[PDB]
>>> print(open('work.txt').read())   # compact mmCIF, C-alpha atoms
# COMPACT_ATOMS: atom_id res chain seq x y z
CA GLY A 1 114.27 107.31 119.04
CA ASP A 2 114.64 107.93 115.33
CA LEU A 3 112.32 107.75 112.34
CA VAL A 4 112.76 105.63 109.24
CA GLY A 5 113.71 106.84 105.79
CA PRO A 6 116.55 108.94 104.35
CA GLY A 7 114.72 112.22 103.90
CA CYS A 8 113.45 111.94 107.45
CA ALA A 9 117.09 112.68 108.17
CA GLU A 10 117.64 115.84 106.17
CA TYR A 11 113.98 116.73 106.62
CA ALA A 12 114.43 117.43 110.31
CA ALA A 13 117.54 119.43 109.49
CA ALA A 14 115.19 121.58 107.46
CA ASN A 15 112.14 121.17 109.67
CA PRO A 16 113.35 119.98 113.08
CA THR A 17 110.37 121.55 114.81
CA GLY A 18 107.00 123.09 114.03
CA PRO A 19 103.76 121.71 112.60
CA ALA A 20 105.73 120.31 109.69
CA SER A 21 107.46 118.02 112.16
CA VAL A 22 106.86 114.41 113.15
CA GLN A 23 105.61 115.65 116.50
CA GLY A 24 103.89 118.76 115.18
CA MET A 25 101.83 116.79 112.69
CA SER A 26 101.00 114.54 115.62
CA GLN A 27 99.04 117.08 117.63
CA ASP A 28 97.06 117.40 114.42
CA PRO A 29 95.01 114.83 112.50
CA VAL A 30 96.45 112.97 109.53
CA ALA A 31 94.87 115.79 107.56
CA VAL A 32 96.22 119.02 108.99
CA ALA A 33 99.06 116.76 110.06
CA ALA A 34 100.04 116.25 106.44
CA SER A 35 98.65 119.69 105.68
CA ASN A 36 101.75 121.18 107.25
CA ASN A 37 104.56 119.05 105.89
CA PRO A 38 106.36 121.13 103.25
CA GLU A 39 106.35 117.98 101.16
CA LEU A 40 102.71 117.05 101.66
CA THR A 41 101.11 120.46 101.36
CA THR A 42 100.96 119.54 97.69
CA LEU A 43 99.33 116.16 98.14
CA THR A 44 97.08 117.46 100.90
CA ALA A 45 95.88 120.32 98.73
CA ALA A 46 94.71 117.55 96.43
CA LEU A 47 92.90 115.33 98.91
CA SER A 48 91.67 118.32 100.89
CA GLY A 49 90.47 120.09 97.77
CA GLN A 50 92.76 123.10 97.57
CA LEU A 51 94.01 121.56 94.34
CA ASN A 52 90.72 120.03 93.27
CA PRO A 53 87.60 121.89 94.43
CA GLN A 54 85.75 118.71 93.55
CA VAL A 55 87.55 116.40 95.95
CA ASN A 56 87.87 116.12 99.71
CA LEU A 57 89.63 113.42 101.69
CA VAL A 58 90.46 115.57 104.68
CA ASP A 59 87.35 114.33 106.45
CA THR A 60 88.05 110.74 105.49
CA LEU A 61 91.78 110.72 106.11
CA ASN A 62 90.88 112.08 109.52
CA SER A 63 88.78 109.01 110.22
CA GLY A 64 90.01 105.60 111.32
CA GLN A 65 93.60 104.54 111.84
CA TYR A 66 95.17 105.34 108.49
CA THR A 67 98.67 105.39 107.04
CA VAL A 68 99.56 108.25 104.73
CA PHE A 69 101.81 107.15 101.90
CA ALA A 70 102.50 110.55 100.71
CA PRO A 71 104.02 111.72 97.41
CA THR A 72 106.60 114.34 98.29
CA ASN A 73 106.86 117.56 96.32
CA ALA A 74 109.45 115.68 94.29
CA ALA A 75 106.93 113.00 93.41
CA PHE A 76 104.30 115.32 91.97
CA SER A 77 106.87 117.53 90.29
CA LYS A 78 108.06 114.58 88.24
CA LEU A 79 104.54 114.48 86.85
CA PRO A 80 103.79 116.86 83.97
CA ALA A 81 101.79 120.03 84.48
CA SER A 82 99.06 118.78 82.19
CA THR A 83 98.61 115.99 84.71
CA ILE A 84 98.54 118.34 87.68
CA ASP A 85 96.34 120.80 85.83
CA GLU A 86 94.14 117.76 85.36
CA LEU A 87 94.01 116.76 89.01
CA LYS A 88 92.86 120.34 89.49
CA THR A 89 89.48 119.30 88.14
CA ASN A 90 89.26 115.52 88.13
CA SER A 91 87.53 113.75 90.99
CA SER A 92 88.01 110.08 90.22
CA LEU A 93 91.39 109.60 88.58
CA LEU A 94 92.99 111.93 91.11
CA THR A 95 91.16 110.59 94.14
CA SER A 96 92.25 107.08 93.24
CA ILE A 97 95.81 108.32 93.58
CA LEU A 98 95.26 110.07 96.90
CA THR A 99 93.38 107.12 98.33
CA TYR A 100 96.14 104.85 97.09
CA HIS A 101 98.51 107.16 98.94
CA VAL A 102 96.87 106.05 102.16
CA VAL A 103 96.26 102.80 104.01
CA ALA A 104 93.56 102.08 106.57
CA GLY A 105 95.01 100.00 109.37
CA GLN A 106 98.19 101.63 110.61
CA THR A 107 101.42 99.66 110.82
CA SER A 108 104.92 100.59 111.90
CA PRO A 109 107.73 100.64 109.32
CA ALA A 110 108.34 96.96 109.98
CA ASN A 111 105.27 95.09 108.76
CA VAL A 112 104.09 97.81 106.40
CA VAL A 113 106.49 96.04 104.07
CA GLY A 114 104.83 93.73 101.57
CA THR A 115 101.64 93.88 99.54
CA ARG A 116 99.39 96.07 101.65
CA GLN A 117 96.00 97.65 101.02
CA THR A 118 95.25 101.32 100.50
CA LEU A 119 92.05 102.98 101.64
CA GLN A 120 91.46 103.16 97.91
CA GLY A 121 91.11 99.41 97.48
CA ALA A 122 94.20 98.48 95.50
CA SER A 123 97.33 96.92 96.95
CA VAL A 124 100.44 98.90 97.78
CA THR A 125 103.61 96.90 97.25
CA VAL A 126 105.71 98.15 100.15
CA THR A 127 109.36 97.27 100.62
CA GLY A 128 112.36 97.97 102.82
CA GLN A 129 114.59 96.32 105.40
CA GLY A 130 116.67 98.58 107.61
CA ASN A 131 118.28 101.66 106.12
CA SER A 132 115.96 101.43 103.14
CA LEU A 133 112.23 101.66 102.54
CA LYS A 134 110.30 101.64 99.29
CA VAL A 135 106.63 101.84 98.37
CA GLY A 136 104.96 101.10 95.06
CA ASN A 137 108.37 101.42 93.46
CA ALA A 138 108.65 104.72 95.29
CA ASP A 139 111.22 105.51 97.95
CA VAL A 140 109.95 105.99 101.49
CA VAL A 141 111.49 109.38 102.16
CA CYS A 142 110.29 109.63 105.74
CA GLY A 143 108.03 106.95 107.15
CA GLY A 144 106.78 106.18 110.64
CA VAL A 145 105.62 109.74 111.20
CA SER A 146 102.51 108.84 113.16
CA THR A 147 100.24 111.87 113.31
CA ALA A 148 97.16 111.71 115.51
CA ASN A 149 95.44 108.59 114.23
CA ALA A 150 97.36 107.74 111.07
CA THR A 151 100.93 107.07 110.03
CA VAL A 152 102.93 108.97 107.44
CA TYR A 153 105.23 107.57 104.78
CA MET A 154 106.57 110.11 102.31
CA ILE A 155 107.74 108.83 98.95
CA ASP A 156 109.31 110.11 95.75
CA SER A 157 106.62 108.88 93.39
CA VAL A 158 102.98 109.75 92.80
CA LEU A 159 101.80 106.25 93.64
CA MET A 160 98.92 105.14 91.44
CA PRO A 161 96.10 102.60 91.80
CA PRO A 162 96.83 99.67 89.48
CA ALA A 163 93.18 99.24 88.59
>>> encode(input="work.txt", output="structure tokens")
Amino acid sequence: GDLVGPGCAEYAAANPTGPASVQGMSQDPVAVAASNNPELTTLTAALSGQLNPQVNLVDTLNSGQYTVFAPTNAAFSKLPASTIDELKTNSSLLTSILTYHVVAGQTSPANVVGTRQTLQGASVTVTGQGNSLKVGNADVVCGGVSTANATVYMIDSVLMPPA
């Protein structure tokens, strides 16, 4: 079959195989799974801790059917350094983001649409129909990339918990 999202298209072209693939990240847990994507490595570093040595969501993420909602390298970039340099120390304002960039439940790119709930606690206004998928105003780059026990839905915006 085929995945959902635009990037998912080009993505493959760039990373058709390997651990940074839809299948590669599968053999691995949501964590390492997203800790291979050349567009998640950034986000992961955060959750994991690489970015913030005061945070760690690798253990969590890799626990219970989740659904990564992951801010591509284009999402974070948009954000100013000051912000990033901040997430490289914070452990509450940053986590909220990460958490919000994940949903505990797991749902194909069909129902995921609508006001969902992120492991964080806030709601993630998902959207999309066919050849289009959005999330929290973001743009589902490549969604439906089920890893080991959690889905993956790359976006182009550093989703944030509205609360």
>>> residues_around(input="work.txt", residues="stretch 8-12 of chain A", least_positions_apart="6", cutoff="9 Å", atoms="all atoms listed in the file", output="list in words")
residues 2, 21, 22, 141, 142, 143, 145 and 154 of chain A
>>> atom_distance(input="work.txt", atom1="atom CA of residue A:137", atom2="atom CA of residue A:95")
19.5 Å
>>> residues_around(input="work.txt", residues="residue A:129", least_positions_apart="5", cutoff="12 Å", atoms="only C-alpha atoms", output="PyMOL selection string")
chain A and resi 4-5+109-114+134-135+140
>>> atom_distance(input="work.txt", atom1="atom CA of residue A:131", atom2="atom CA of residue A:18")
25.5 Å
>>> closest_residue(input="work.txt", among="A:155, A:61, A:104, A:45", to="residue A:126", atoms="only C-alpha atoms")
A:155
>>> closest_atom_pairs(input="work.txt", of="stretch 93-151 of chain A", to="stretch 25-33 of chain A", cutoff="7 Å", atoms="only C-alpha atoms", output="tab-separated table")
residue	atom	partner	partner_atom	distance
A:146	CA	A:26	CA	6.4
A:147	CA	A:26	CA	3.6
A:148	CA	A:26	CA	4.8
A:149	CA	A:29	CA	6.5
A:150	CA	A:30	CA	5.5
>>> closest_residue(input="work.txt", among="A:67, A:17, A:118, A:92", to="residue A:46", atoms="all atoms listed in the file")
A:92
>>> atom_distance(input="work.txt", atom1="atom CA of residue A:7", atom2="atom CA of residue A:74")
11.5 Å
>>> residues_around(input="work.txt", residues="residue A:105", least_positions_apart="4", cutoff="8 Å", atoms="all atoms listed in the file", output="JSON, numbers by chain")
{"A": [64, 65, 66, 67]}
>>> closest_residue(input="work.txt", among="A:42, A:120, A:73, A:115", to="residue A:87", atoms="only C-alpha atoms")
A:42
>>> closest_residue(input="work.txt", among="A:157, A:37, A:54, A:99", to="residue A:136", atoms="only C-alpha atoms")
A:157
>>> build_atoms(input="work.txt", residues="stretch 54-66 of chain A", atoms="N, CA and C atoms", output="compact mmCIF listing (two decimals), keeping the file's coordinate frame")
# COMPACT_ATOMS: atom_id res chain seq x y z
N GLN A 54 86.76 119.73 93.78
CA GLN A 54 85.75 118.71 93.55
C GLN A 54 86.10 117.43 94.31
N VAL A 55 87.11 117.54 95.15
CA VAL A 55 87.55 116.40 95.95
C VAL A 55 87.72 116.84 97.40
N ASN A 56 87.71 115.85 98.29
CA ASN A 56 87.87 116.12 99.71
C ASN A 56 88.08 114.79 100.45
N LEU A 57 89.29 114.62 100.96
CA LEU A 57 89.63 113.42 101.69
C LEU A 57 90.14 113.79 103.08
N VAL A 58 90.01 115.07 103.40
CA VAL A 58 90.46 115.57 104.68
C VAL A 58 89.58 114.97 105.79
N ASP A 59 88.29 114.88 105.50
CA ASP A 59 87.35 114.33 106.45
C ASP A 59 87.61 112.83 106.61
N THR A 60 87.79 112.17 105.48
CA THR A 60 88.05 110.74 105.49
C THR A 60 89.38 110.44 106.18
N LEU A 61 90.45 110.93 105.57
CA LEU A 61 91.78 110.72 106.11
C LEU A 61 91.73 110.84 107.63
N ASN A 62 91.01 111.85 108.09
CA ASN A 62 90.88 112.08 109.52
C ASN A 62 89.73 111.23 110.07
N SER A 63 89.80 109.94 109.77
CA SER A 63 88.78 109.01 110.22
C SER A 63 89.29 107.57 110.11
N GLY A 64 89.51 106.97 111.27
CA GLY A 64 90.01 105.60 111.32
C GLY A 64 91.52 105.56 111.14
N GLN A 65 92.16 104.69 111.91
CA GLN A 65 93.60 104.54 111.84
C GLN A 65 94.05 104.35 110.39
N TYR A 66 94.69 105.38 109.86
CA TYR A 66 95.17 105.34 108.49
C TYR A 66 96.70 105.33 108.45
